[PDB]
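Beneath this line is the structure, given in structure tokens, with notes to follow.
Atoms within a ligand are numbered from 1 in the order they appear, just like the ligands themselves. Numbered from 1 within each chain, the chains take letters A, B, ... in sequence-line order.
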There are 4 protein chains.
Amino acid sequence: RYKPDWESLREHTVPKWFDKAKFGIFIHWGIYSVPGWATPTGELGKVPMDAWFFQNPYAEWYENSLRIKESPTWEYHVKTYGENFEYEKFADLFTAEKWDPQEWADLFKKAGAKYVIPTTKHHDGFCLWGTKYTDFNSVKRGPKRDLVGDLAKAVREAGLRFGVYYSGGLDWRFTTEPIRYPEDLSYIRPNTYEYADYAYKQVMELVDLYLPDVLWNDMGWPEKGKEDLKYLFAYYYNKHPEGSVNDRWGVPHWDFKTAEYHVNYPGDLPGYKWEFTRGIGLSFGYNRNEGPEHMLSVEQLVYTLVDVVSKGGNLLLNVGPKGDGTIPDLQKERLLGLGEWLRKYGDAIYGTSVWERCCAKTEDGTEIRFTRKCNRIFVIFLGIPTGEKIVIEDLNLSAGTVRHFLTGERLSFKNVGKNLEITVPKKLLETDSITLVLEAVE
Amino acid sequence: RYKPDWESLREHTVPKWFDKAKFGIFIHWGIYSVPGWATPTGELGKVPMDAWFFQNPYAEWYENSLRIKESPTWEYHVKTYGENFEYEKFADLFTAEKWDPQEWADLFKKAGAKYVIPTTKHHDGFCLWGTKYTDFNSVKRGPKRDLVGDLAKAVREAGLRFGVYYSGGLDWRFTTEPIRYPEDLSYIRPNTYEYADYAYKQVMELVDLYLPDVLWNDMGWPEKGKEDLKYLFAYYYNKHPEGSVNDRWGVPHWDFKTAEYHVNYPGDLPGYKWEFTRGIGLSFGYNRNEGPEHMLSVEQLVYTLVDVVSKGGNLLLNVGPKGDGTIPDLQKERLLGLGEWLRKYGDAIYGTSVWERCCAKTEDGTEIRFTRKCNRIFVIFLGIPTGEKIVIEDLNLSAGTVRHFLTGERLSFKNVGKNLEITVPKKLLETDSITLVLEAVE
Amino acid sequence: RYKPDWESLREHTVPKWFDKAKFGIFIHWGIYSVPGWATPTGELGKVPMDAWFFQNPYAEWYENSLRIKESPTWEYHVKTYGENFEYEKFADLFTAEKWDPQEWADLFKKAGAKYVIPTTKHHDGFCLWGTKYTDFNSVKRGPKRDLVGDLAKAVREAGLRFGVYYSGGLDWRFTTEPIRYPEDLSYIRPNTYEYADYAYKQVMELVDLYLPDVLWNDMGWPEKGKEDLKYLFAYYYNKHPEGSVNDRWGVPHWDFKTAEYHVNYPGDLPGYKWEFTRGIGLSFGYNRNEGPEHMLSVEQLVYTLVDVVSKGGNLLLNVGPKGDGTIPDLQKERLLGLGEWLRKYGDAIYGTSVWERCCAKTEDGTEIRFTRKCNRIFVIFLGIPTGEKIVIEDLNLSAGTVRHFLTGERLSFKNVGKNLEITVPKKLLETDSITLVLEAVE
Amino acid sequence: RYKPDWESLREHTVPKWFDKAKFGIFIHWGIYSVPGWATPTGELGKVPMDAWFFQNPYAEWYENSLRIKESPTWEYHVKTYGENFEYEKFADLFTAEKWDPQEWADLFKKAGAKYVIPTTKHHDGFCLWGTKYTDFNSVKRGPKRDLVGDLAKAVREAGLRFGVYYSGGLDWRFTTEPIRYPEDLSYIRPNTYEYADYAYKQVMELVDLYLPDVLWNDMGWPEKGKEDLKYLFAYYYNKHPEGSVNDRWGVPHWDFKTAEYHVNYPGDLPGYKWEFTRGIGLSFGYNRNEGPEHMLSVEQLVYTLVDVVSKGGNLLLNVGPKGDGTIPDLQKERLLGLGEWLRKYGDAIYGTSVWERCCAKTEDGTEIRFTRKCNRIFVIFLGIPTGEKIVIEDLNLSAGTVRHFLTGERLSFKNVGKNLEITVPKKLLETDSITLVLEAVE
Ligand SMILES: CC(=O)NC[C@H]1N[C@@H](C)[C@@H](O)[C@@H](O)[C@@H]1O
Ligand SMILES: CC(=O)NC[C@H]1N[C@@H](C)[C@@H](O)[C@@H](O)[C@@H]1O
Ligand SMILES: CC(=O)NC[C@H]1N[C@@H](C)[C@@H](O)[C@@H](O)[C@@H]1O
Ligand SMILES: CC(=O)NC[C@H]1N[C@@H](C)[C@@H](O)[C@@H](O)[C@@H]1O
């Protein structure tokens with residue numbers, strides 16, 4: 001038994017399955033999916049924060065944007081729906097008419113994901129399960145259905161892990177003024193004891209109804225309720241020792257840390273487990289305004305995954321479904337490309353560990369990443385080099401044998417001074433898909 | 001006026017009437033009284049705590065037991081009521097069809113009790129008064145009646161003090177998981193600010209409606225509400241200076257401490273006022289599974305009372321009535337035996353004080369207890385010795401006169417070394433009921 | 001054992017010996033006894049606090065008054081000792097050349113006192129024992145003798161209980177500014193962590209070196225050190241269960257409360273143990289400026305002790321010795337006359353308890369006080385009535401036998417309406433000393 | 001950098017080197033080594049705590065036992081050294097005249113230890129380095145040498161990791177009363193702000209002077225100083241990321257947990273890093289009263305290390321040197337036999353990981369332990385089976401090749417039901433030392 005106290009909770013570390021899975025699908029789906037609109041400004045971390053909330057690229061932030069009169073969202077909303085059309089009205093238009101949880105789960109498995117995490121309640125406070133603490137939920141309005149539970153049954157039947165996302169730090173059903181600048185976040189929150197109970201009661205409810213594999217909180221936890229987390233974490237781990245929690249609660253305990261777009265992204269091995277998340281585009285919620293120019297290409301997806309895993313992280317790729325429950329083609333296609341790549345190269349990803357260094361580069365500038373499986377070291381090039389002569393800067397090996405990963409063909413190499421030289425027969429080079437991958441054995 | 005602060009509340013000590021009363025009746029009555037069932041495993045303090053909650057002898061813990069699938073209670077419940085029969089359904093079958101508060105009060109007075117304390121809300125959260133904070137109460141469900149108030153009017157008319165018991169530390173209407181081990185108690189509680197208000201509002205309600213003589217809390221008080229107790233105690237004492245509170249709140253203040261079965265039972269004079277409680281059997285709530293083999297015999301009751309009073313305590317004997325409001329015969333009979341004994345010997349009990357030592361024994365092993373009334377010392381044998389020659393080990397007296405209590409007959413004695421010898425004419429010995437009692441005067 | 005927490009410390013209550021002792025001697029002696037000077041302005045509680053610190057009648061406040069320039073003390077010091085004579089210089093004049101502790105203990109025993117409490121350190125911070133935590137003490141300076149130790153031995157030898165007074169709240173060795181108004185006390189204090197450790201250590205030292213029967217703190221305890229008291233009190237009681245503690249610490253626990261001159265004086269029975277304290281004159285420290293007109297007369301002292309005792313308290317009468325270790329004649333005379341009355345009527349004071357009411361008055365206004373001893377009720381007249389017929393207003397008796405206390409002579413009485421009438425033969429009235437004492441027996 | 005807050009410090013986890021090291025030497029050496037005496041009553045966890053401090057088998061508790069008069073230690077001290085010989089006087093006898101640190105480091109390296117942790121200050125408060133915060137240290141008294149420093153250099157020279165033990169929780173230089181029951185520990189502690197600064201400063205000093213690989217605190221950290229730990233740990237890790245900290249601080253952070261004799265010993269895999277600690281006999285300090293009957297045999301030591309290691313821990317074996325700086329022969333002999341077994345089987349211990357289960361047993365009860373190295377699984381018998389046919393209960397294998405570890409000889413096996421059967425030729429069995437070791441490869 002874990003006791004409700006931080007020294008005791010410390011005993012729980014990130015479970016094996018989370019560390020070994022290296023890819024998960026995040027799903028931001030909610031009534032905001034109906035208007036599905038946002039100005040695709042840029043990535044978090046590179047857009048100046050004095051403009052960010054005013055031209056918010058995160059479509060799930062639609063209601064906050066709508067509350068800022070004279071903001072692209074406002075003008076858009078009025079022109080499209082009218083002024084006499086409140087944001088909550090979207091809960092009624094959120095009908096998930098074409099939703100099929102099993103087709104969703106099939107897709108995530110084909111994409112190579114090993115876990116899934118849907119938003120059970122986002123900042124707008126709309127709940128996707130039949131909670132007994134609010135009527136603003138999917139059983140009573142719109143879909144007339146328990147979205148979280150139905151998706152959980154499907155995910156689990158497809159053999160994948162199931163976690164839940166909850167916006168504990170923000171709930172627009174409890175505030176009126178929108179966030180215009182980062183500083184507003186320090187005082188524009190529910191703030192009441194009522195809200196702290198509520199968040200607690202709702203996460204306890206999700207633990208009792210679905211016993212999620214991951215508790216993914218966002219935006220910190222209500223100051224008044226932080227001490228509650230000792231009990232909730234103890235309660236959770238005693239029912240599910242293989243469960244886990246992220247680092248956005250703002251308390252002493254967490255099993256893995258998180259980075260979002262440019263924010264808190266590590267340039268090298270961090271020394272603790274973490275997970276990277278971002279959308280396929282610039283939004284988490286569906287944005288009908290995004291074109292492929294705003295999205296990662298399958299190749300960049302592969303590169304992102306590789307960089308992440310070589311640094312000890314997991315990638316939590318987000319998909320943003322439509323109000324009718326379908327996944328936009330641009331996203332579905334990218335997911336499949338990635339799934340294809342993972343089918344060929346997955347053995348140098350899943351179940352791997354970090355090596356001594358995560359990164360390297362060739363004399364010509366192609367970047368490289370490493371992953372380990374005992375005595376096996378995988379060398380992953382972010383691209384496929386043209387010349388059969390490959391020079392890796394600042395690297396030597398006491399291996400003795402280096403194979404071309406996909407064919408298994410023994411290759412010739414030698415440490416030439418501070419570098420390492422390997423010859424890769426263009427026949428092999430041409431067999432690789434987005435990344436040249438070699439396996440070295442020490 | 002007492003101010004709402006511990007240094008000030010300290011000014012209030014256990015009132016005279018509580019110290020002088022030495023016997024009270026506890027009443028655990030609730031919807032759990034309907035199924036009235038528990039495996040009579042043994043006494044608290046002697047049953048291993050890794051099995052205790054799984055074969056709980058406390059029938060009022062029926063709902064907790066029911067929540068542990070595959071527990072005797074579960075198997076029993078399913079076989080008798082069925083799976084589709086929730087615990088709350090018992091509030092509707094709790095009809096107190098044959099209840100007569102005055103007959104209850106008559107009985108407690110005949111038994112020699114000077115105060116009474118019914119459970120107003122037990123761990124299952126069902127309330128026995130028409131509280132305005134919950135519908136799960138006896139006015140709205142089952143008895144369709146204010147049980148607490150009606151019993152209070154009857155007790156008070158019979159001339160006895162009236163207190164109330166409240167389960168502040170536990171409320172199963174606010175949790176889902178049952179207690180399986182002692183450690184669970186540290187995190188499986190309401191935990192919310194809502195619950196802390198609720199407990200406060202409900203005890204304030206009982207103070208305003210019935211101004212009880214004793215506030216008997218159980219299982220500690222919600223951490224979030226501890227500071228509230230400064231105000232509630234001040235409020236209470238300023239309306240009733242002769243009121244009192246027990247020690248199960250977990251705050252700096254209390255008027256008297258408590259011991260339950262083997263738990264915290266003193267082996268000698270403690271040095272502060274306390275009260276002992278236990279059932280006539282092994283349960284507090286009615287257990288149709290208990291036979292006389294599980295209950296104290298009138299003689300053991302008398303002994304328990306005597307040991308307790310000689311150590312400065314009060315005995316709070318519990319009776320567990322049936323769903324129809326009647327008191328099982330096995331319990332009624334024991335109560336009357338005790339009442340009979342108190343009629344003869346009461347003057348060496350009520351209004352007494354502890355002496356220099358509480359205990360002694362005869363050369364043959366019969367145990368003895370002392371009580372005082374100024375210059376009068378009562379000597380109470382836990383049994384009636386056969387020989388007319390009685391030898392008390394490790395005791396001397398500078399009295400000069402020793403009388404046989406019931407007849408008042410001057411007896412012959414002398415301090416023989418480290419012992420004391422008294423001759424008790426078998427005519428007298430044979431006049432005593434369960435205890436030989438002598439009175440010495442210094 | 002007692003634990004270091006308020007809930008557990010609550011268990012300790014005022015010891016029997018303190019309760020039964022009814023009189024103790026307070027001794028304020030220190031380097032302030034050398035100048036031994038103050039403006040005897042009036043009693044505490046009757047002098048407006050806007051003038052108090054400027055015309056302070058407490059001679060032990062000399063250093064504080066000295067720091068307020070243009071203060072009678074200031075003018076007096078400069079003409080007597082000079083501007084360049086620092087207060088601290090008095091430790092070198094404090095020689096106690098004529099001190100004889102056994103003579104003191106003897107006088108206190110003859111005076112009827114059952115315990116003694118000397119100032120071990122007063123507000124000026126000079127310590128009367130060889131503490132290891134400051135050189136400003138009596139073993140290193142002045143007397144070069146452990147006054148506390150020598151006195152503790154002598155009091156004990158005389159068979160008297162010994163306690164210690166400590167100034168936890170003020171220590172002028174840690175401040176520079178004087179106290180000019182009550183408000184100043186809110187911020188002119190040591191304030192440091194260092195001082196809170198210092199006071200804890202010094203009291204621990206007194207407990208270790210002398211295991212006092214009473215820990216009598218004054219002026220509150222440093223806020224930073226308040227939590228330490230749980231630890232200090234548990235330590236103390238664990239070494240000396242029959243030890244006791246007063247109420248001037250500013251924390252939840254205490255064994256008895258205190259009243260000083262008019263400050264906090266009960267008009268009636270309080271409901272808890274307390275003690276009244278005052279000088280024989282208007283100061284605690286020796287004041288050469290006080291004459292008989294500033295002191296209580298033997299008669300007023302007896303009256304005082306009776307009033308207090310009848311209200312459930314102990315009288316802690318103060319003596320203020322000279323710098324040489326002698327006790328001024330005026331003080332001695334009053335102690336001896338009080339001891340003489342206590343030799344006659346001790347039995348109606350020592351070991352008594354409060355009755356139903358503390359007070360009454362005769363038809364022509366002679367005040368009456370009551371005390372108890374089981375069934376014996378003492379009736380103390382604050383003075384001796386001249387007529388033989390005596391009418392006590394608002395008092396009835398259900399005794400049957402009223403005696404004259406000194407002779408035992410049975411007297412004639414009858415309840416006449418809401419009063420009680422009694423005949424006391426002048427030959428008896430003529431035998432009493434300052435109080436007519438009757439003894440009723442119900 | 002790590003920040004001074006628990007959320008950030010969580011990032012630091014037990015370093016790789018500690019995890020891989022599997023054995024370390026603890027050294028309890030101090031002025032208590034001079035009397036070097038204790039009643040070897042039994043193992044911690046098996047001696048009732050009502051007698052423990054009165055018959056303490058931990059010789060380094062000598063000062064505490066000495067303060068309990070009429071204690072075997074007390075009687076022994078008075079007949080040997082005399083009533084007037086204060087404990088502190090041992091610092092003058094503590095001369096370490098025959099000490100040779102390189103000889104110690106050498107013995108620890110031969111014994112198979114990969115790290116060393118000496119007592120820098122034990123409960124008696126005497127410091128084995130020239131601290132600037134107390135004169136009661138080894139540079140000023142006794143040896144007049146920096147023992148910690150000299151030992152740190154020697155251990156490092158021998159290629160071993162060096163950590164420090166510090167008694168944060170107890171320091172008998174700040175108390176006067178002994179510990180007689182566990183409960184006493186709740187209040188007999190330094191308690192001051194001064195001591196909390198002292199302990200922080202002393203540990204900061206150890207970090208500054210020696211940058212230890214392990215900070216091993218004992219007995220909790222002063223409550224007043226707990227917040228300081230955030231600052232101290234951030235400081236430490238920022239200077240030495242590969243440094244580590246144990247779990248005896250009473251705060252949220254720690255890198256590895258600890259078990260002592262029976263206290264906190266896991267019956268199975270724990271799920272976190274931990275370390276078992278014990279003396280070779282029943283004491284940590286040298287005890288002249290212990291003979292071979294109180295010590296572990298080489299065989300039991302090997303068994304111990306294997307059990308621990310298979311459960312994921314490190315064994316921290318204690319040595320207790322004499323006052324002269326020599327290590328008793330009995331101790332030395334056991335260290336050398338253990339080093340001899342480690343020279344043979346080191347490869348199945350060092351740098352291993354836990355397997356699926358830690359344990360198993362043969363059909364006739366020989367206990368079995370498992371450890372791992374990638375695909376290689378070590379099978380360690382706690383003893384050498386006499387027959388050649390060996391039956392492991394409840395174990396199946398999916399390897400295909402099991403070898404004899406010392407020879408490499410491939411052996412014959414088959415899964416027979418819920419068991420595994422194997423033939424080990426006696427010529428092989430005859431080559432093993434205390435343990436039969438098999439190596440399976442799946
Ligand atoms: C860095 C941060 O606090 N982000 C909050 C952000 N998290 C994303 C995964 C989305 O759910 C956004 O809606 C949310 O504001
Ligand atoms: C020792 C303790 O905390 N007991 C709680 C216990 N008190 C009894 C008098 C009954 O009311 C039980 O139902 C309750 O759990
Ligand atoms: C009411 C109060 O706080 N009095 C403090 C007062 N106590 C007396 C016994 C003397 O020691 C004075 O010097 C002290 O200031
Ligand atoms: C379980 C515990 O708190 N043990 C304290 C104990 N630790 C040992 C390694 C020795 O240093 C003992 O002296 C110390 O009291």
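Judged by distance alone, the side chains of A:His123 and A:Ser167 do bring a donor and an acceptor atom under 3.5 Å apart.
Taking the six-membered ring for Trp and thresholds of 30 and 60 degrees, B:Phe284 and B:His28 have ring planes inclined between 30 and 60 degrees apart. Using cut-offs of 30° and 60° on the angle between ring planes, the pair C:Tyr32 and C:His122 is perpendicular. Ring geometry for B:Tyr265 against B:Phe276 counts as perpendicular: the plane angle is over 60°, on a 0 to 90° scale with 30° as the lower cut.
In this structure, A:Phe54 has its ring center closer than 6.0 angstrom to the ring center of A:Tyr181. Aromatic rings from C:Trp172 and C:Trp61 are positioned such that their centres are separated by under 6.0 Å.
Listed as neighbours of ligand 1 are A:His28, A:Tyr58, A:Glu60, A:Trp61, A:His122, A:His123, A:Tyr165, A:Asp218, A:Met219, A:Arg248, A:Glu260, A:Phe284, each bearing a heavy atom under 4.0 Å from the ligand.
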